file input-v8.pdb (PDB, C-alpha atoms)
ATOM      1  CA  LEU D 634      67.437  -8.026 -90.776  1.00  0.00           C
ATOM      2  CA  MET D 635      67.676 -11.598 -92.043  1.00  0.00           C
ATOM      3  CA  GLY D 636      65.519 -10.415 -94.948  1.00  0.00           C
ATOM      4  CA  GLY D 637      61.895 -10.596 -96.015  1.00  0.00           C
ATOM      5  CA  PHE D 638      58.646  -9.028 -94.919  1.00  0.00           C
ATOM      6  CA  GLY D 639      58.168  -7.521 -91.479  1.00  0.00           C
ATOM      7  CA  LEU D 640      54.608  -8.139 -90.346  1.00  0.00           C
ATOM      8  CA  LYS D 641      52.688  -6.720 -87.408  1.00  0.00           C
ATOM      9  CA  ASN D 642      50.274  -9.662 -87.716  1.00  0.00           C
ATOM     10  CA  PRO D 643      52.205 -12.501 -89.353  1.00  0.00           C
ATOM     11  CA  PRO D 644      50.850 -15.860 -90.451  1.00  0.00           C
ATOM     12  CA  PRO D 645      49.789 -17.524 -87.210  1.00  0.00           C
ATOM     13  CA  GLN D 646      51.535 -20.393 -85.510  1.00  0.00           C
ATOM     14  CA  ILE D 647      49.817 -23.707 -86.205  1.00  0.00           C
ATOM     15  CA  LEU D 648      50.179 -26.124 -83.317  1.00  0.00           C
ATOM     16  CA  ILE D 649      49.574 -29.857 -83.453  1.00  0.00           C
ATOM     17  CA  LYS D 650      49.737 -32.620 -80.875  1.00  0.00           C
ATOM     18  CA  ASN D 651      48.898 -36.293 -80.580  1.00  0.00           C
ATOM     19  CA  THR D 652      46.152 -36.702 -78.013  1.00  0.00           C
ATOM     20  CA  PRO D 653      47.311 -38.831 -75.064  1.00  0.00           C
ATOM     21  CA  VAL D 654      45.851 -42.331 -74.928  1.00  0.00           C
ATOM     22  CA  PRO D 655      46.200 -43.884 -71.459  1.00  0.00           C
ATOM     23  CA  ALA D 656      47.262 -47.475 -71.073  1.00  0.00           C
ATOM     24  CA  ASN D 657      45.244 -49.813 -68.886  1.00  0.00           C
ATOM     25  CA  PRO D 658      44.680 -48.204 -65.470  1.00  0.00           C
ATOM     26  CA  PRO D 659      44.935 -50.138 -62.200  1.00  0.00           C
ATOM     27  CA  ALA D 660      41.880 -51.845 -60.774  1.00  0.00           C
ATOM     28  CA  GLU D 661      41.780 -49.591 -57.694  1.00  0.00           C
ATOM     29  CA  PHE D 662      41.587 -45.818 -57.883  1.00  0.00           C
ATOM     30  CA  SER D 663      44.720 -43.725 -57.557  1.00  0.00           C
ATOM     31  CA  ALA D 664      44.739 -39.940 -57.634  1.00  0.00           C
ATOM     32  CA  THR D 665      48.262 -39.898 -59.047  1.00  0.00           C
ATOM     33  CA  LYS D 666      48.627 -38.554 -62.573  1.00  0.00           C
ATOM     34  CA  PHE D 667      48.856 -41.161 -65.332  1.00  0.00           C
ATOM     35  CA  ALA D 668      52.411 -41.797 -66.423  1.00  0.00           C
ATOM     36  CA  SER D 669      51.476 -44.763 -68.637  1.00  0.00           C
ATOM     37  CA  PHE D 670      50.356 -44.281 -72.225  1.00  0.00           C
ATOM     38  CA  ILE D 671      49.960 -46.155 -75.456  1.00  0.00           C
ATOM     39  CA  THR D 672      52.846 -45.181 -77.713  1.00  0.00           C
ATOM     40  CA  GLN D 673      51.617 -43.665 -80.930  1.00  0.00           C
ATOM     41  CA  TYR D 674      52.304 -41.136 -83.652  1.00  0.00           C
ATOM     42  CA  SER D 675      50.492 -39.565 -86.548  1.00  0.00           C
ATOM     43  CA  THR D 676      51.002 -38.740 -90.190  1.00  0.00           C
ATOM     44  CA  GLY D 677      49.136 -36.906 -92.890  1.00  0.00           C
ATOM     45  CA  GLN D 678      49.307 -34.343 -95.639  1.00  0.00           C
ATOM     46  CA  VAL D 679      49.568 -30.585 -95.357  1.00  0.00           C
ATOM     47  CA  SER D 680      48.809 -28.023 -98.045  1.00  0.00           C
ATOM     48  CA  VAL D 681      49.866 -24.384 -98.115  1.00  0.00           C
ATOM     49  CA  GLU D 682      48.538 -22.008-100.760  1.00  0.00           C
ATOM     50  CA  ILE D 683      49.967 -18.497-101.060  1.00  0.00           C
ATOM     51  CA  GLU D 684      48.876 -15.833-103.514  1.00  0.00           C
ATOM     52  CA  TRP D 685      51.677 -13.437-104.425  1.00  0.00           C
ATOM     53  CA  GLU D 686      51.330 -10.043-106.076  1.00  0.00           C
ATOM     54  CA  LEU D 687      53.857  -9.111-108.755  1.00  0.00           C
ATOM     55  CA  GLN D 688      55.291  -5.736-109.706  1.00  0.00           C
ATOM     56  CA  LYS D 689      56.072  -5.659-113.412  1.00  0.00           C
ATOM     57  CA  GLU D 690      59.236  -4.303-114.975  1.00  0.00           C
ATOM     58  CA  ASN D 691      58.679  -1.056-116.897  1.00  0.00           C
ATOM     59  CA  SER D 692      62.251  -0.424-118.090  1.00  0.00           C
ATOM     60  CA  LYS D 693      63.287   1.515-121.211  1.00  0.00           C
ATOM     61  CA  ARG D 694      66.813   0.067-121.063  1.00  0.00           C
ATOM     62  CA  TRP D 695      68.124  -0.666-124.556  1.00  0.00           C
ATOM     63  CA  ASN D 696      70.717  -3.354-123.849  1.00  0.00           C
ATOM     64  CA  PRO D 697      70.035  -6.833-122.438  1.00  0.00           C
ATOM     65  CA  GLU D 698      69.687  -7.415-118.694  1.00  0.00           C
ATOM     66  CA  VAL D 699      71.576  -9.778-116.463  1.00  0.00           C
ATOM     67  CA  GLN D 700      69.433 -12.876-115.954  1.00  0.00           C
ATOM     68  CA  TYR D 701      69.643 -15.878-113.707  1.00  0.00           C
ATOM     69  CA  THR D 702      70.423 -18.848-115.923  1.00  0.00           C
ATOM     70  CA  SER D 703      71.499 -22.426-115.625  1.00  0.00           C
ATOM     71  CA  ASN D 704      74.832 -23.296-117.216  1.00  0.00           C
ATOM     72  CA  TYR D 705      74.333 -24.653-120.722  1.00  0.00           C
ATOM     73  CA  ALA D 706      77.459 -26.819-120.689  1.00  0.00           C
ATOM     74  CA  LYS D 707      77.408 -30.530-119.967  1.00  0.00           C
ATOM     75  CA  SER D 708      77.896 -31.831-116.446  1.00  0.00           C
ATOM     76  CA  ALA D 709      77.438 -34.965-114.384  1.00  0.00           C
ATOM     77  CA  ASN D 710      74.311 -33.719-112.608  1.00  0.00           C
ATOM     78  CA  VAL D 711      71.564 -31.239-113.230  1.00  0.00           C
ATOM     79  CA  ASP D 712      71.265 -28.341-110.803  1.00  0.00           C
ATOM     80  CA  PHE D 713      68.357 -28.554-108.353  1.00  0.00           C
ATOM     81  CA  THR D 714      67.732 -32.245-108.892  1.00  0.00           C
ATOM     82  CA  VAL D 715      68.044 -35.551-107.081  1.00  0.00           C
ATOM     83  CA  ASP D 716      71.188 -37.621-107.455  1.00  0.00           C
ATOM     84  CA  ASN D 717      71.343 -41.363-108.102  1.00  0.00           C
ATOM     85  CA  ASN D 718      70.612 -42.003-104.408  1.00  0.00           C
ATOM     86  CA  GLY D 719      67.505 -39.835-104.427  1.00  0.00           C
ATOM     87  CA  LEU D 720      68.970 -36.921-102.489  1.00  0.00           C
ATOM     88  CA  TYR D 721      67.643 -33.548-103.575  1.00  0.00           C
ATOM     89  CA  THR D 722      70.217 -30.776-103.372  1.00  0.00           C
ATOM     90  CA  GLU D 723      70.312 -27.039-103.968  1.00  0.00           C
ATOM     91  CA  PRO D 724      73.575 -26.045-105.694  1.00  0.00           C
ATOM     92  CA  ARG D 725      73.748 -22.397-104.599  1.00  0.00           C
ATOM     93  CA  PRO D 726      71.763 -19.499-103.179  1.00  0.00           C
ATOM     94  CA  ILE D 727      69.601 -17.584-105.609  1.00  0.00           C
ATOM     95  CA  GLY D 728      68.788 -13.988-104.775  1.00  0.00           C
ATOM     96  CA  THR D 729      66.171 -11.816-106.394  1.00  0.00           C
ATOM     97  CA  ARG D 730      68.219  -8.978-107.881  1.00  0.00           C
ATOM     98  CA  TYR D 731      68.861  -9.204-111.614  1.00  0.00           C
ATOM     99  CA  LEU D 732      66.734  -6.649-113.448  1.00  0.00           C
ATOM    100  CA  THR D 733      67.744  -3.021-113.127  1.00  0.00           C
ATOM    101  CA  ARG D 734      66.110   0.316-112.447  1.00  0.00           C
ATOM    102  CA  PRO D 735      67.415   3.884-112.537  1.00  0.00           C
ATOM    103  CA  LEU D 736      68.231   5.395-109.183  1.00  0.00           C
TER
ATOM    104  CA  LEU P 634      65.648 -21.760-145.701  1.00  0.00           C
ATOM    105  CA  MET P 635      67.360 -18.636-144.385  1.00  0.00           C
ATOM    106  CA  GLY P 636      64.769 -18.728-141.599  1.00  0.00           C
ATOM    107  CA  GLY P 637      61.540 -16.976-140.701  1.00  0.00           C
ATOM    108  CA  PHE P 638      57.988 -16.983-141.966  1.00  0.00           C
ATOM    109  CA  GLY P 639      57.064 -18.167-145.441  1.00  0.00           C
ATOM    110  CA  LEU P 640      54.187 -16.072-146.734  1.00  0.00           C
ATOM    111  CA  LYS P 641      51.981 -16.545-149.774  1.00  0.00           C
ATOM    112  CA  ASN P 642      51.079 -12.841-149.548  1.00  0.00           C
ATOM    113  CA  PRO P 643      53.974 -11.110-147.792  1.00  0.00           C
ATOM    114  CA  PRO P 644      54.169  -7.485-146.722  1.00  0.00           C
ATOM    115  CA  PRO P 645      54.093  -5.560-149.992  1.00  0.00           C
ATOM    116  CA  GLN P 646      56.993  -3.757-151.576  1.00  0.00           C
ATOM    117  CA  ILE P 647      56.861  -0.018-150.927  1.00  0.00           C
ATOM    118  CA  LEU P 648      58.376   1.969-153.770  1.00  0.00           C
ATOM    119  CA  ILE P 649      59.452   5.593-153.621  1.00  0.00           C
ATOM    120  CA  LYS P 650      60.924   7.980-156.159  1.00  0.00           C
ATOM    121  CA  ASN P 651      61.784  11.649-156.453  1.00  0.00           C
ATOM    122  CA  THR P 652      59.616  13.186-159.142  1.00  0.00           C
ATOM    123  CA  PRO P 653      61.723  14.565-162.010  1.00  0.00           C
ATOM    124  CA  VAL P 654      61.943  18.349-162.177  1.00  0.00           C
ATOM    125  CA  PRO P 655      63.097  19.557-165.609  1.00  0.00           C
ATOM    126  CA  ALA P 656      65.635  22.322-165.905  1.00  0.00           C
ATOM    127  CA  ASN P 657      64.942  25.282-168.160  1.00  0.00           C
ATOM    128  CA  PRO P 658      63.896  24.043-171.615  1.00  0.00           C
ATOM    129  CA  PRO P 659      65.122  25.637-174.849  1.00  0.00           C
ATOM    130  CA  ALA P 660      63.187  28.489-176.398  1.00  0.00           C
ATOM    131  CA  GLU P 661      62.260  26.471-179.504  1.00  0.00           C
ATOM    132  CA  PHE P 662      60.433  23.161-179.365  1.00  0.00           C
ATOM    133  CA  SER P 663      62.351  19.909-179.566  1.00  0.00           C
ATOM    134  CA  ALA P 664      60.717  16.495-179.528  1.00  0.00           C
ATOM    135  CA  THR P 665      63.798  14.937-177.951  1.00  0.00           C
ATOM    136  CA  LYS P 666      63.375  13.606-174.427  1.00  0.00           C
ATOM    137  CA  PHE P 667      64.586  15.884-171.632  1.00  0.00           C
ATOM    138  CA  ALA P 668      68.007  14.918-170.368  1.00  0.00           C
ATOM    139  CA  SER P 669      68.355  18.019-168.169  1.00  0.00           C
ATOM    140  CA  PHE P 670      66.970  18.112-164.643  1.00  0.00           C
ATOM    141  CA  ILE P 671      67.278  20.006-161.415  1.00  0.00           C
ATOM    142  CA  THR P 672      69.341  17.896-159.035  1.00  0.00           C
ATOM    143  CA  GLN P 673      67.424  17.102-155.895  1.00  0.00           C
ATOM    144  CA  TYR P 674      66.811  14.556-153.172  1.00  0.00           C
ATOM    145  CA  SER P 675      64.361  13.963-150.382  1.00  0.00           C
ATOM    146  CA  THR P 676      64.288  13.038-146.728  1.00  0.00           C
ATOM    147  CA  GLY P 677      61.685  12.230-144.138  1.00  0.00           C
ATOM    148  CA  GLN P 678      60.592   9.878-141.414  1.00  0.00           C
ATOM    149  CA  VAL P 679      59.203   6.379-141.723  1.00  0.00           C
ATOM    150  CA  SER P 680      57.277   4.434-139.102  1.00  0.00           C
ATOM    151  CA  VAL P 681      56.638   0.699-139.022  1.00  0.00           C
ATOM    152  CA  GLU P 682      54.284  -0.832-136.469  1.00  0.00           C
ATOM    153  CA  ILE P 683      54.024  -4.611-136.138  1.00  0.00           C
ATOM    154  CA  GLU P 684      51.767  -6.507-133.768  1.00  0.00           C
ATOM    155  CA  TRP P 685      53.198  -9.875-132.752  1.00  0.00           C
ATOM    156  CA  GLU P 686      51.329 -12.760-131.156  1.00  0.00           C
ATOM    157  CA  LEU P 687      53.068 -14.671-128.370  1.00  0.00           C
ATOM    158  CA  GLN P 688      52.840 -18.323-127.390  1.00  0.00           C
ATOM    159  CA  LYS P 689      53.335 -18.693-123.652  1.00  0.00           C
ATOM    160  CA  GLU P 690      55.514 -21.275-121.957  1.00  0.00           C
ATOM    161  CA  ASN P 691      53.507 -23.934-120.099  1.00  0.00           C
ATOM    162  CA  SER P 692      56.387 -26.046-118.744  1.00  0.00           C
ATOM    163  CA  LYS P 693      56.326 -28.209-115.600  1.00  0.00           C
ATOM    164  CA  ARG P 694      60.133 -28.444-115.566  1.00  0.00           C
ATOM    165  CA  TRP P 695      61.466 -28.318-112.007  1.00  0.00           C
ATOM    166  CA  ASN P 696      65.002 -27.036-112.563  1.00  0.00           C
ATOM    167  CA  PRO P 697      65.971 -23.624-113.966  1.00  0.00           C
ATOM    168  CA  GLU P 698      66.088 -22.989-117.716  1.00  0.00           C
ATOM    169  CA  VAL P 699      68.921 -21.709-119.829  1.00  0.00           C
ATOM    170  CA  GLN P 700      68.369 -17.993-120.406  1.00  0.00           C
ATOM    171  CA  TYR P 701      69.972 -15.407-122.608  1.00  0.00           C
ATOM    172  CA  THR P 702      71.863 -13.050-120.326  1.00  0.00           C
ATOM    173  CA  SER P 703      74.403 -10.302-120.534  1.00  0.00           C
ATOM    174  CA  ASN P 704      77.704 -10.954-118.778  1.00  0.00           C
ATOM    175  CA  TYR P 705      77.681  -9.477-115.285  1.00  0.00           C
ATOM    176  CA  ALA P 706      81.436  -8.891-115.147  1.00  0.00           C
ATOM    177  CA  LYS P 707      83.042  -5.536-115.831  1.00  0.00           C
ATOM    178  CA  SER P 708      84.213  -4.616-119.310  1.00  0.00           C
ATOM    179  CA  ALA P 709      85.265  -1.618-121.357  1.00  0.00           C
ATOM    180  CA  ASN P 710      81.994  -1.397-123.293  1.00  0.00           C
ATOM    181  CA  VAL P 711      78.415  -2.424-122.828  1.00  0.00           C
ATOM    182  CA  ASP P 712      76.998  -4.928-125.297  1.00  0.00           C
ATOM    183  CA  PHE P 713      74.593  -3.496-127.879  1.00  0.00           C
ATOM    184  CA  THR P 714      75.614   0.104-127.330  1.00  0.00           C
ATOM    185  CA  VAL P 715      77.420   2.925-129.088  1.00  0.00           C
ATOM    186  CA  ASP P 716      81.130   3.421-128.544  1.00  0.00           C
ATOM    187  CA  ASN P 717      82.871   6.728-127.850  1.00  0.00           C
ATOM    188  CA  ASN P 718      82.667   7.583-131.568  1.00  0.00           C
ATOM    189  CA  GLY P 719      78.928   6.986-131.718  1.00  0.00           C
ATOM    190  CA  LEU P 720      79.066   3.704-133.617  1.00  0.00           C
ATOM    191  CA  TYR P 721      76.352   1.258-132.632  1.00  0.00           C
ATOM    192  CA  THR P 722      77.467  -2.360-132.742  1.00  0.00           C
ATOM    193  CA  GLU P 723      75.896  -5.758-132.183  1.00  0.00           C
ATOM    194  CA  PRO P 724      78.314  -8.056-130.316  1.00  0.00           C
ATOM    195  CA  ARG P 725      76.932 -11.427-131.441  1.00  0.00           C
ATOM    196  CA  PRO P 726      73.952 -13.186-132.985  1.00  0.00           C
ATOM    197  CA  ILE P 727      71.060 -13.940-130.680  1.00  0.00           C
ATOM    198  CA  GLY P 728      68.801 -16.832-131.590  1.00  0.00           C
ATOM    199  CA  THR P 729      65.426 -17.629-130.120  1.00  0.00           C
ATOM    200  CA  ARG P 730      65.960 -21.060-128.568  1.00  0.00           C
ATOM    201  CA  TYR P 731      66.460 -21.095-124.808  1.00  0.00           C
ATOM    202  CA  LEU P 732      63.348 -22.447-123.104  1.00  0.00           C
ATOM    203  CA  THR P 733      62.689 -26.157-123.416  1.00  0.00           C
ATOM    204  CA  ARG P 734      59.799 -28.455-124.208  1.00  0.00           C
ATOM    205  CA  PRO P 735      59.413 -32.234-124.095  1.00  0.00           C
ATOM    206  CA  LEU P 736      59.646 -33.986-127.423  1.00  0.00           C
TER
END
call {"tool": "encode", "arguments": {"input": "input-v8.pdb", "output": "structure tokens"}}
result
Amino acid sequence: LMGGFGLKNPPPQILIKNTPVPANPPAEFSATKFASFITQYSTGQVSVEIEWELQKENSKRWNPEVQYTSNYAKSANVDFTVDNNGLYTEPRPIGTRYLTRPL
Amino acid sequence: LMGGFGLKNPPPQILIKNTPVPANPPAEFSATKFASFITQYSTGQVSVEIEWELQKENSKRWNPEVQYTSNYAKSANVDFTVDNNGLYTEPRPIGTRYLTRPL
């Protein structure tokens, strides 16, 4: 209901964890669980590649369609860009429904 | 300078004429040119087929382009349509320059 593709078998959850690295243990054995660890974290790169199939528009409509367009007029910023502080923003929601089809 | 494709050898001129059909000549010979003809005209269909080659847009631009679009708001007529008397009209000139390229 929030929109998109209902899947019986969706893309799987991908789970990641830093492996615990104990700190120095005591010199005599204790059966108590280790509470003492070397503080650490991890970083890397992730890539996602998705192939999408397209359904082409077959229309015989004579007159021009409504299209999504950026405003041609001047402004202080460009839509869907960073500002002078480096903050990327999205000016508005963009749906998918522009082209038309007979009912 | 009015725009378009300069051609050394353009599409040729296609010339058409109704063939003259004399009216009834006099019963004695005259060498004078016929001035008297059966009035007629012609009608038919004409087809023109042009193949156009396209140059695709390769851009890496991140933000959306300016696009030609029809206005989404309501109005009394639809652009590029006939009116209630059957008169087809063109609301405005449409150029070709919307997509962008680096210089």
call {"tool": "residues_around", "arguments": {"input": "input-v8.pdb", "residues": "segment 722-732 of chain D", "least_positions_apart": "5", "cutoff": "7 Å", "atoms": "all atoms listed in the file", "output": "list in words"}}
result
residues 698, 699, 700, 712, 713, 714 and 715 of chain D
call {"tool": "resolve_selection", "arguments": {"input": "input-v8.pdb", "expression": "the PyMOL selection byres ((chain P and resi 735) around 12)", "output": "PyMOL selection string"}}
result
chain P and resi 690-694+732-734+736
call {"tool": "resolve_selection", "arguments": {"input": "input-v8.pdb", "expression": "the PyMOL selection byres ((chain P and resi 654-659) around 6)", "output": "list in words"}}
result
residues 653, 660, 661, 669, 670 and 671 of chain P
call {"tool": "atom_distance", "arguments": {"input": "input-v8.pdb", "atom1": "atom CA of residue 637 of chain P", "atom2": "atom CA of residue 687 of chain P"}}
result
15.1 Å
call {"tool": "resolve_selection", "arguments": {"input": "input-v8.pdb", "expression": "the PyMOL selection byres ((chain P and resi 676) around 12)", "output": "VMD selection string"}}
result
chain P and resid 649 to 651 673 to 675 677 to 679
call {"tool": "atom_distance", "arguments": {"input": "input-v8.pdb", "atom1": "atom CA of residue 647 of chain D", "atom2": "atom CA of residue 666 of chain D"}}
result
27.9 Å
call {"tool": "atom_distance", "arguments": {"input": "input-v8.pdb", "atom1": "atom CA of residue 702 of chain P", "atom2": "atom CA of residue 688 of chain D"}}
result
21.0 Å
call {"tool": "build_atoms", "arguments": {"input": "input-v8.pdb", "residues": "segment 652-687 of chain D", "atoms": "N, CA and C atoms", "output": "PDB file, in the coordinates of the input"}}
result
ATOM      1  N   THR D 652      46.911 -36.655 -79.250  1.00  0.00           N
ATOM      2  CA  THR D 652      46.152 -36.702 -78.013  1.00  0.00           C
ATOM      3  C   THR D 652      46.588 -37.904 -77.179  1.00  0.00           C
ATOM      4  N   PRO D 653      46.868 -37.711 -75.896  1.00  0.00           N
ATOM      5  CA  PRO D 653      47.311 -38.831 -75.064  1.00  0.00           C
ATOM      6  C   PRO D 653      46.255 -39.920 -74.974  1.00  0.00           C
ATOM      7  N   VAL D 654      46.715 -41.159 -75.013  1.00  0.00           N
ATOM      8  CA  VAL D 654      45.851 -42.331 -74.928  1.00  0.00           C
ATOM      9  C   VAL D 654      46.346 -43.198 -73.782  1.00  0.00           C
ATOM     10  N   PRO D 655      45.734 -43.106 -72.609  1.00  0.00           N
ATOM     11  CA  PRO D 655      46.200 -43.884 -71.459  1.00  0.00           C
ATOM     12  C   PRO D 655      46.267 -45.372 -71.748  1.00  0.00           C
ATOM     13  N   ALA D 656      47.241 -46.025 -71.129  1.00  0.00           N
ATOM     14  CA  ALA D 656      47.262 -47.475 -71.073  1.00  0.00           C
ATOM     15  C   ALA D 656      46.269 -47.958 -70.018  1.00  0.00           C
ATOM     16  N   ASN D 657      46.240 -49.260 -69.793  1.00  0.00           N
ATOM     17  CA  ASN D 657      45.244 -49.813 -68.886  1.00  0.00           C
ATOM     18  C   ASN D 657      45.485 -49.332 -67.459  1.00  0.00           C
ATOM     19  N   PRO D 658      44.508 -48.691 -66.832  1.00  0.00           N
ATOM     20  CA  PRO D 658      44.680 -48.204 -65.470  1.00  0.00           C
ATOM     21  C   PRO D 658      44.592 -49.335 -64.463  1.00  0.00           C
ATOM     22  N   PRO D 659      45.066 -49.116 -63.241  1.00  0.00           N
ATOM     23  CA  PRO D 659      44.935 -50.138 -62.200  1.00  0.00           C
ATOM     24  C   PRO D 659      43.485 -50.354 -61.801  1.00  0.00           C
ATOM     25  N   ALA D 660      43.251 -51.458 -61.091  1.00  0.00           N
ATOM     26  CA  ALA D 660      41.880 -51.845 -60.774  1.00  0.00           C
ATOM     27  C   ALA D 660      41.336 -51.084 -59.571  1.00  0.00           C
ATOM     28  N   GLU D 661      42.204 -50.449 -58.793  1.00  0.00           N
ATOM     29  CA  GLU D 661      41.780 -49.591 -57.694  1.00  0.00           C
ATOM     30  C   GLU D 661      42.194 -48.161 -57.984  1.00  0.00           C
ATOM     31  N   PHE D 662      41.355 -47.217 -57.577  1.00  0.00           N
ATOM     32  CA  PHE D 662      41.587 -45.818 -57.883  1.00  0.00           C
ATOM     33  C   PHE D 662      42.883 -45.312 -57.273  1.00  0.00           C
ATOM     34  N   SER D 663      43.585 -44.490 -58.037  1.00  0.00           N
ATOM     35  CA  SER D 663      44.720 -43.725 -57.557  1.00  0.00           C
ATOM     36  C   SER D 663      44.571 -42.304 -58.071  1.00  0.00           C
ATOM     37  N   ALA D 664      44.865 -41.330 -57.217  1.00  0.00           N
ATOM     38  CA  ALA D 664      44.739 -39.940 -57.634  1.00  0.00           C
ATOM     39  C   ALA D 664      45.995 -39.453 -58.333  1.00  0.00           C
ATOM     40  N   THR D 665      47.032 -40.280 -58.378  1.00  0.00           N
ATOM     41  CA  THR D 665      48.262 -39.898 -59.047  1.00  0.00           C
ATOM     42  C   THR D 665      48.027 -39.755 -60.543  1.00  0.00           C
ATOM     43  N   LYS D 666      48.698 -38.778 -61.138  1.00  0.00           N
ATOM     44  CA  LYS D 666      48.627 -38.554 -62.573  1.00  0.00           C
ATOM     45  C   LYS D 666      49.106 -39.778 -63.348  1.00  0.00           C
ATOM     46  N   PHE D 667      48.421 -40.083 -64.452  1.00  0.00           N
ATOM     47  CA  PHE D 667      48.856 -41.161 -65.332  1.00  0.00           C
ATOM     48  C   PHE D 667      50.221 -40.882 -65.928  1.00  0.00           C
ATOM     49  N   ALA D 668      51.147 -41.802 -65.715  1.00  0.00           N
ATOM     50  CA  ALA D 668      52.411 -41.797 -66.423  1.00  0.00           C
ATOM     51  C   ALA D 668      52.465 -42.801 -67.565  1.00  0.00           C
ATOM     52  N   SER D 669      51.419 -43.592 -67.771  1.00  0.00           N
ATOM     53  CA  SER D 669      51.476 -44.763 -68.637  1.00  0.00           C
ATOM     54  C   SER D 669      50.549 -44.571 -69.827  1.00  0.00           C
ATOM     55  N   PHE D 670      51.115 -44.583 -71.026  1.00  0.00           N
ATOM     56  CA  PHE D 670      50.356 -44.281 -72.225  1.00  0.00           C
ATOM     57  C   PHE D 670      50.675 -45.273 -73.325  1.00  0.00           C
ATOM     58  N   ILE D 671      49.731 -45.420 -74.224  1.00  0.00           N
ATOM     59  CA  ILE D 671      49.960 -46.155 -75.456  1.00  0.00           C
ATOM     60  C   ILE D 671      50.829 -45.312 -76.374  1.00  0.00           C
ATOM     61  N   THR D 672      51.936 -45.883 -76.823  1.00  0.00           N
ATOM     62  CA  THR D 672      52.846 -45.181 -77.713  1.00  0.00           C
ATOM     63  C   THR D 672      52.210 -45.040 -79.082  1.00  0.00           C
ATOM     64  N   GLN D 673      52.152 -43.821 -79.596  1.00  0.00           N
ATOM     65  CA  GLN D 673      51.617 -43.665 -80.930  1.00  0.00           C
ATOM     66  C   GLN D 673      52.202 -42.434 -81.599  1.00  0.00           C
ATOM     67  N   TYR D 674      51.876 -42.283 -82.873  1.00  0.00           N
ATOM     68  CA  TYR D 674      52.304 -41.136 -83.652  1.00  0.00           C
ATOM     69  C   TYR D 674      51.289 -40.954 -84.761  1.00  0.00           C
ATOM     70  N   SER D 675      51.451 -39.884 -85.514  1.00  0.00           N
ATOM     71  CA  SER D 675      50.492 -39.565 -86.548  1.00  0.00           C
ATOM     72  C   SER D 675      51.216 -39.100 -87.799  1.00  0.00           C
ATOM     73  N   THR D 676      50.482 -39.133 -88.899  1.00  0.00           N
ATOM     74  CA  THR D 676      51.002 -38.740 -90.190  1.00  0.00           C
ATOM     75  C   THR D 676      49.840 -38.247 -91.034  1.00  0.00           C
ATOM     76  N   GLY D 677      50.152 -37.395 -91.993  1.00  0.00           N
ATOM     77  CA  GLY D 677      49.136 -36.906 -92.890  1.00  0.00           C
ATOM     78  C   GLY D 677      49.736 -36.063 -93.980  1.00  0.00           C
ATOM     79  N   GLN D 678      48.876 -35.328 -94.665  1.00  0.00           N
ATOM     80  CA  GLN D 678      49.307 -34.343 -95.639  1.00  0.00           C
ATOM     81  C   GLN D 678      48.934 -32.939 -95.198  1.00  0.00           C
ATOM     82  N   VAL D 679      49.761 -31.997 -95.623  1.00  0.00           N
ATOM     83  CA  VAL D 679      49.568 -30.585 -95.357  1.00  0.00           C
ATOM     84  C   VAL D 679      49.668 -29.841 -96.679  1.00  0.00           C
ATOM     85  N   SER D 680      48.774 -28.880 -96.871  1.00  0.00           N
ATOM     86  CA  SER D 680      48.809 -28.023 -98.045  1.00  0.00           C
ATOM     87  C   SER D 680      48.912 -26.573 -97.613  1.00  0.00           C
ATOM     88  N   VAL D 681      49.758 -25.822 -98.301  1.00  0.00           N
ATOM     89  CA  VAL D 681      49.866 -24.384 -98.115  1.00  0.00           C
ATOM     90  C   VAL D 681      49.682 -23.737 -99.474  1.00  0.00           C
ATOM     91  N   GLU D 682      48.788 -22.766 -99.546  1.00  0.00           N
ATOM     92  CA  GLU D 682      48.538 -22.008-100.760  1.00  0.00           C
ATOM     93  C   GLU D 682      48.775 -20.537-100.467  1.00  0.00           C
ATOM     94  N   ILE D 683      49.679 -19.917-101.213  1.00  0.00           N
ATOM     95  CA  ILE D 683      49.967 -18.497-101.060  1.00  0.00           C
ATOM     96  C   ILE D 683      49.760 -17.804-102.394  1.00  0.00           C
ATOM     97  N   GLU D 684      48.994 -16.723-102.374  1.00  0.00           N
ATOM     98  CA  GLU D 684      48.876 -15.833-103.514  1.00  0.00           C
ATOM     99  C   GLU D 684      49.884 -14.707-103.365  1.00  0.00           C
ATOM    100  N   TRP D 685      50.643 -14.456-104.421  1.00  0.00           N
ATOM    101  CA  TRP D 685      51.677 -13.437-104.425  1.00  0.00           C
ATOM    102  C   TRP D 685      51.302 -12.382-105.451  1.00  0.00           C
ATOM    103  N   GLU D 686      51.523 -11.120-105.120  1.00  0.00           N
ATOM    104  CA  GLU D 686      51.330 -10.043-106.076  1.00  0.00           C
ATOM    105  C   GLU D 686      52.665  -9.663-106.697  1.00  0.00           C
ATOM    106  N   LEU D 687      52.653  -9.408-107.998  1.00  0.00           N
ATOM    107  CA  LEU D 687      53.857  -9.111-108.755  1.00  0.00           C
ATOM    108  C   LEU D 687      53.888  -7.645-109.150  1.00  0.00           C
TER     109      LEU D 687
END
